[PDB]
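Trainee: Structure of the sequence below:
(6 chains, ligands or ions: 6)
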Amino acid sequence: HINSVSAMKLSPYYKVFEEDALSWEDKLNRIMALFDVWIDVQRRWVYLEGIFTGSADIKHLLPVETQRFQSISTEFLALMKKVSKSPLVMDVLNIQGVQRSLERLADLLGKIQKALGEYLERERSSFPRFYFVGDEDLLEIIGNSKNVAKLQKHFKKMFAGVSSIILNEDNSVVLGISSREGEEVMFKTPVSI
Amino acid sequence: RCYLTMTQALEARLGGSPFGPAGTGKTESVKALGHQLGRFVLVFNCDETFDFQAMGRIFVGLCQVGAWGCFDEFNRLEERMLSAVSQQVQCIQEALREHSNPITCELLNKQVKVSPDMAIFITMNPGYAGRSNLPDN
Amino acid sequence: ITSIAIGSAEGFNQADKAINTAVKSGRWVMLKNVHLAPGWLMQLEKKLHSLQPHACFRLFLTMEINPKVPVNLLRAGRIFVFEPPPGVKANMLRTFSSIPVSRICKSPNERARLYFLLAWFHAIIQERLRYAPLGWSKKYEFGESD
Amino acid sequence: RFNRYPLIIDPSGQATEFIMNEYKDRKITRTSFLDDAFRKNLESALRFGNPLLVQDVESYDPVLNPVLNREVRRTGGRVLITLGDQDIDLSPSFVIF
Amino acid sequence: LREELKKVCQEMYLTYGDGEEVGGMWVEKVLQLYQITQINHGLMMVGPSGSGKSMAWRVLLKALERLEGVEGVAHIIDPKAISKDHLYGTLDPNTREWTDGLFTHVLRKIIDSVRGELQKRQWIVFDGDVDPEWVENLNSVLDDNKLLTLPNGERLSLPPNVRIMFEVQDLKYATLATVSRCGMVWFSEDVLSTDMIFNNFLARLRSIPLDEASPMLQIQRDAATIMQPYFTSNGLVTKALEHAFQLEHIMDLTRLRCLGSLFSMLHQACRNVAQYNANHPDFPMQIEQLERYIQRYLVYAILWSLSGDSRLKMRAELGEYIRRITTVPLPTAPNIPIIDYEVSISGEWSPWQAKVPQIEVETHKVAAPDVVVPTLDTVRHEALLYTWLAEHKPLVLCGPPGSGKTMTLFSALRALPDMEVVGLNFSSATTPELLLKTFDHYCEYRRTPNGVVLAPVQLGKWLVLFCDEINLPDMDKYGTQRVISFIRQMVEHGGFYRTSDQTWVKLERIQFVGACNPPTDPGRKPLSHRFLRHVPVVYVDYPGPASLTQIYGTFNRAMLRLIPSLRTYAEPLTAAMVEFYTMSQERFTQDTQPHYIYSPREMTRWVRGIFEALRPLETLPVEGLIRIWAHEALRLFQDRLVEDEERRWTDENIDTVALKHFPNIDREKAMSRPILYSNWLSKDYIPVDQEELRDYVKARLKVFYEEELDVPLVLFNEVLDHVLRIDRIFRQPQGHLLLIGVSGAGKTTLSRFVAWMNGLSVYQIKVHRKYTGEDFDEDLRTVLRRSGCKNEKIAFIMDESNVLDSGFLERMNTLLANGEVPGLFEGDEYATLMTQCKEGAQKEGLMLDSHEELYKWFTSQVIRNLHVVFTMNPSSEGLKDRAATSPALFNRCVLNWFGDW
Amino acid sequence: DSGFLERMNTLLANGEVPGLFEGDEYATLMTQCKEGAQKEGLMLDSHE
Ligand SMILES: Nc1ncnc2c1ncn2[C@@H]1O[C@H](COP(=O)(O)OP(=O)(O)OP(=O)(O)O)[C@@H](O)[C@H]1O
Ligand SMILES: Nc1ncnc2c1ncn2[C@@H]1O[C@H](COP(=O)(O)OP(=O)(O)O)[C@@H](O)[C@H]1O
Ligand SMILES: Nc1ncnc2c1ncn2[C@@H]1O[C@H](COP(=O)(O)OP(=O)(O)O)[C@@H](O)[C@H]1O
Ligand SMILES: Nc1ncnc2c1ncn2[C@@H]1O[C@H](COP(=O)(O)OP(=O)(O)O)[C@@H](O)[C@H]1O
Ligand SMILES: [Mg+2]
Ligand SMILES: [Mg+2]
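Mentor: Numbering: from 1, shown residues only, chains lettered A, B, ... in the order given. Ligands and ions are numbered 1, 2, ... in the order given. The coordinates are given below.
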């Protein structure tokens, strides 16, 4: 829609619809920016919530970080409820202060993310293959432990020929491993999730 | 000849150091030997920014996994970092000899377990760009 | 003994702590490849001159032949030059001094003869290295490791 | 008989112990340019008129430049010397080696 | 793919060839590039500058887009415009945390593919120089491993949709390891044709009007139609270019530089036609008049664009070659060349000498820096500079120091009210950080839907960054200047990458002007051909004797108006000044001593000295005029000399020139052995003798002992002369001092005594152990606050032992050159400075709004009040190093050679 | 005078004096407080 508005801007009779089209392209630009921020903040929050929920004794060793994450997750869930109350995309755009709230929430999620490498080093010590995985990808792996489909792209970093694993339809049994071109090895005894 | 020399180095619990000009098949030969022996081979394009702490961290990861580490252009690490890394290499080789005979040795002032399957390989070209000289130790 | 390889900040701290402990107690301490830190060798010589050590304490520190090595430390220390030994006799004497008698005397009796043959071959190739570039095309590094 | 303060080149320390023995009634504190307690030792020597022997002159501190030039202010009946940011009353019986 | 290539070449105003036509070689190179892109993931396009590599890969991207439907994204990284740490990333020694670099960030974003990056065709193009410092990290990426290995153990695999391309001018410093990995496409200079470039320029003239159907369109199409026969085949431009490649230029001549220069000239011609039509609405532009105007403007434009950087003899040779070879109506001129003739809007040749007559400047601003005496070369260069600046095209001013490059740019700027000039002085240790600090001070970063835009604070205003010493920044071991690569990236690609977030920044209203010395000078280096392609260069030589005599005769006549008895002694005085300057310049050269540079700046300071001596007097004989002339000659031609034989040569030749030009004068009353001048004994700057001056100076030291410094001194005539010179420099505005002599010779003490005489506060940085650049910046901030906010005159005494690294002398160079240091006051410091400057303006009585005018007032106050005295020991290598690293120490500082006793 | 004691009363009651830090003093205080919070180890956003 942005490309088509830009196309009708140039020619032939843009002067009639200029007043409406300028405001409409401004609306499209701001909604594009809003959802660009939103996708990043949602991707941050999903694995951050996974890490701060599944793992235990995090508040005992990282109390201020856990408290700040709870404080920002409360307003994130408030925005969840507000967006569910008004599911229209235009209404979400017309929510007051949503852009600056998202920018501030992105900054706080990034800071809390950057303040977690001390906890990540213990996980790297626990699983030795995690030493070849970056901080972002390790946080994604830990936060998506209950959601094992995003982990598929991370097996290439920490394995030689294993690029993906074979999973059951219940997402609780690992049937085997796979290579990057279709070759697969079926396990004798599958593990349980 | 590469396989014979590097397996002699492995049985002597020493690292392997193939050297020569570019395009002679050094990194690929190391990877081929590692794949024939069935090991996970990690290839590192090392730099002058490869800190002592960073090298120790990749050493502890490699030791805990039990994987092979190929360091291509190893003479780019600078003289003093290279001399400092020599101590970690010596400690890892001592741990490997101890395993040959809870087998751990200290790296980065911490106790880290060492696996028998790991190895250190370095690949270099002498005088590629006025690179560093390896200390005798 | 404590052996430290010079070239890192952790190495400098470890060398300082080991030197202080060896002065306090009386153990030996070593720190190698010192030609990479001449500015640190300056204050090392200064603190070694200032400090009064234990009666049984030796500080060994190795370097290559380098003009960057400070003159004050080079004058305060005791200098030993470790070059390849000129002569087949000198090479064999160094070889037999290096080889432990217990290891060379293990059964069977031909182990010592094989060690002597290796010593002769090593002396010949090292002297040929000395007679470059006609003994060998390049200056190879044949030594105690080989 | 020096006018400018002396720099002693002694590879043996005999002149150093000679100076320490010469100024014994006037107590020398022995300091080095690389010590942390050099600025306060120099300030105390300047204030109290004590002889001072500073070693390791190869790592010379340029804070000694006004002292070596004898840059002296005489505002009032007060004789002053500037050592860094602070201002110190210079004692007449001060000598540095 | 050939049909799609033809379509996008039609869209992009590019010439397509079927295989035997003009574009066949270029199309074949595009097809070969496509084949190597198929069979390899590591790629290099190698060839000389202006060969078609960029257009080849861009047209291939567009053709593949329109073929396969997948849309291609290109990431253009200059690997040399930034540091390797910013290119790849760092591990912080304090906290073990990894920050991504530019290439690492781009690759990681593609791998993550949050916005669907893996489904697109991604091409990462490295547009810059190649050395093993940064590409041996890409060895493993360009190998079959396809892994980017980082020091923290985080390895990044290369997805199959990503191609890594290098667009390099040459591979002089590339190793066989790097060469073996990448497939090579060799673009020769014959692949891209001047016929292709002419076709592109003509098509862009037919379309895409200059004013951002229309009369501008019609003017452009008519001009293109009438200049069409001169571009195709051999014609005129190709033969002129072929001849101009045989002439000797200062900068290395390239085809694309001259061609883009000529294209900008012709665009300005079309704009001139449009302006004429706007001026005359009743009478439109006649086609015959347009033909006559364009046919002459084209010859004028090719002459200037092909021999602007040559000397007068070579541009005359090019003009006579054109007159011999082309059938174009040219003015009937037996001796005067075509380069002295302009093209009027009516379509006829006009002399340049008819533009400006003889001027009579008023005696108040008789020789002020803002005053320019108009000459032939002056008006020609002003016209050329205005033509370059009108299209906001970057330019380079080249020539010997003091030849008038800065004032010509300022005079051309004064004809453009919509532009602002910010002065930057380059040094050996000049990085893009200087440009970034200038952007931080004078511009703001604005976030737009299309991207991040950097624009000046002044809306509707164009910012001109004037870089003074572009030749001087250091080349690395592999022949690259980082700031030159940065400027080339900002000129060609229209922006740069922000380091903080790896985000592309686009420039909106920002242009660049560069001054430089010829690259054969000891500190200077030749500029890269890729950068030099985008910048036309004009050579500004010295005026010469016939120009200098009238330039400074105007000043002599204008300042010899207060008294009518000496108005007849103006032409011989000017002749004597010109002759002595010529002999001094011929005698003392840079091959003897690094600081032996003589220029019209010394003549300007000569006129300044004579005028400021003649202001408060209002009666003086010829003997007194000759005495002040000789005193100014001494102070401007002996103070920098090292050898006593040179000093006595200058004294004897001053006597010879004065006696040659002023016969029948009192030799004793005009020439004296001491010859000193002072304003201490009286209220005016009148001559003094040694004895009473020595008595006065003895009394002043007697007072000075109990007030500031109780160090007794022994006087002599050298001491008296030295303190008089320091007094003169302290009286002059923006008077910076450079004293060369042995230590303990009494330089800082004499400077402190003269500062106490003149009421100047003395500041010393008090350097000690572990003294850092942060401490130096704090001391500089305190000095600048006291000098520019509290209206305090400060004599800033600095020693060569106080300089500890390159940052000290870089900040000092900027301060000496401009009176301001961009980036010195940031954040809370800048806010406190702004409040202090507002209070100071209130105290001074000036009423000032905003922060820009307040900062300009602060800079003016610092220029007025701050005097910097530099003290250092004589050494050949030391002098050469300081000349290379701080040009302001030898351009803005008056050098007095104290020497040994 | 009472101007001293009003400020002292507010300081004793609340631990803060509104209007005491104004202009560039507030900016300098904010920078120093950010540095102090970083040294203590807490992570704090904005000025409130
Ligand atoms: N096929 C073409 N037809 C017409 N003009 C062309 C064609 N290819 C290139 N040009 C012109 O040549 C100019 C210079 O070519 P190009 O931009 O490709 O430079 P390059 O070879 O990448 O040089 P550099 O090494 O300086 O980056 C372009 O600005 C364009 O106007
Ligand atoms: N024995 C071999 N058989 C097949 N290909 C080889 C062999 N040895 C080397 N090569 C090829 O030659 C190239 C050399 O690459 P590499 O091993 O990195 O050499 P170097 O380490 O000396 O740069 C590789 O691409 C590899 O595929
Ligand atoms: N026609 C002229 N009219 C007035 N001044 C001139 C003329 N030609 C040369 N000058 C003098 O030449 C000097 C050149 O100085 P400047 O342009 O600042 O240095 P650069 O040429 O290195 O940029 C100026 O001081 C100026 O006074
Ligand atoms: N004309 C003079 N008469 C007596 N002493 C002098 C004279 N000039 C310099 N000095 C001595 O030099 C010292 C300071 O020199 P200084 O001004 O620092 O020289 P520089 O600036 O060249 O290092 C003073 O202590 C003073 O005694
Ligand atoms: Mg290799
Ligand atoms: Mg290009």
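
Trainee: And chain E, is stretch A:107-120 touching that?
Mentor: Yes - using C-beta under 8 Å from any C-beta of the partner chain, stretch A:107-120 comes into contact with chain E via A:114, A:117. (C-beta placed from N, C-alpha, C; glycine too.)

Trainee: Quick one: end-to-end distance for that stretch.
Mentor: Start-to-end span of stretch A:107-120 (C-alpha to C-alpha, to the nearest Å) is 20 Å.

Trainee: contact partners of that stretch?
Mentor: Residues outside stretch A:107-120 that contact it (C-beta atoms under 8 Å, 6 or more residues apart in numbering or on different chains): A:41, A:44-45, A:48, A:51, A:58, A:61-62, A:65, A:68-69, A:72, A:135-136, A:138-139, E:96-97, F:43, F:45.

Trainee: just the residues you listed that are near chain B?
Mentor: Contacts with chain B within the contacts of stretch A:107-120, counted by C-beta under 8 Å from any C-beta: residue E:96.

Trainee: now the contacts of stretch A:107-120: which count as buried?
Mentor: Neighbour counting by 16 or more other C-beta atoms under 10 Å in any protein chain shown classes A:41, A:44-45, A:48, A:51, A:58, A:62, A:65, A:68-69, A:72, A:135, A:138-139 among the contacts of stretch A:107-120 as buried.

Trainee: Out of those residues, which comes closest to chain F?
Mentor: residue A:68 (6.6 Å; C-beta to the nearest C-beta).

Trainee: The closest one sits in which helix or strand?
Mentor: helix A:63-85 (DSSP states H and E).

Trainee: Is that helix in proximity to chain E?
Mentor: No - contact of helix A:63-85 with chain E (C-beta under 8 Å from any C-beta) is absent, the minimum separation being 15.1 Å.

Trainee: For ligand 3, see how far away residue E:752 is.
Mentor: 31 Å (C-beta to the nearest ligand atom, to the nearest Å).

Trainee: which residue of chain C sits farthest from its center?
Mentor: The C-alpha centroid of chain C is most remote from residue C:108, which lies 32.1 Å away (C-alpha atoms, centre = their mean).

Trainee: what about it, is that helix, strand or coil?
Mentor: Using DSSP: H, G, I helix; E, B strand; the rest coil, the structure places residue C:108 in coil.

Trainee: gap between it and residue E:761?
Mentor: 93 Å (C-beta to C-beta, to the nearest Å).

Trainee: next one: residue E:401
Mentor: Taking C-beta to C-beta, one finds residue E:401 at 32 Å from residue E:761.

Trainee: Show me which residues of chain B are close to ligand 5?
Mentor: With C-beta under 5 Å from the ion as the criterion, chain B meets ligand 5 at residues B:27, B:72.

Trainee: Residue E:477: what's it in contact with?
Mentor: residue E:131.

Trainee: how would you label it: helix, strand or coil?
Mentor: Going by three-state DSSP, the state assigned to residue E:477 is coil.

Trainee: distance of it from residue E:884?
Mentor: Relative to residue E:884, residue E:477 is positioned 17 Å away (C-beta to C-beta).

Trainee: Then residue A:150?
Mentor: Counting by C-beta to C-beta - residue A:150 and residue E:884 are separated by 56 Å.

Trainee: returning to that earlier point: quick one: which of the buried ones among the contacts of stretch A:107-120 is nearest ligand 1?
Mentor: residue A:135 (37.7 Å; C-beta to the nearest ligand atom).

Trainee: Return the residues in contact with the closest one.
Mentor: The contact partners of residue A:135, taken as C-beta under 8 Å, 6+ apart, are A:116-117, A:120, E:98.

Trainee: My read is that residue E:388 contacts residue E:397, right?
Mentor: No - Residue E:388 is beyond contact range of residue E:397, at 9.8 Å (criterion: C-beta atoms under 8 Å).

Trainee: And the residue of chain A closest to ligand 4?
Mentor: residue A:114 (51.8 Å).

Trainee: tell me the phi and psi of that residue?
Mentor: When quoted as degrees, to the nearest 10, the phi and psi of residue A:114 stand at phi -70, psi -20.

Trainee: I'd like the distance between it and ligand 1.
Mentor: 39 Å.

Trainee: Mind telling me which residue is nearest the centre of chain A?
Mentor: Central residue of chain A (C-alpha atoms, centre = their mean): residue A:43, 1.2 Å from the mean position.

Trainee: ok, it to residue E:614 distance?
Mentor: 78 Å.

Trainee: repeat for residue E:179
Mentor: Taking C-beta to C-beta, one finds residue E:179 at 70 Å from residue E:614.

Trainee: Could you pull out the strands in the stretch 201-350 of chain E for me?
Mentor: Assigned by DSSP state E, counting those that start in this stretch, the strands in the stretch 201-350 of chain E fall at E:341-343, E:349-351.

Trainee: List the buried residues of the biggest strand by length in chain A.
Mentor: If you go by DSSP state E, chain A has its longest strand at strand A:184-192. Within strand A:184-192, no residue is scored as buried using 16+ other C-beta under 10 Å.
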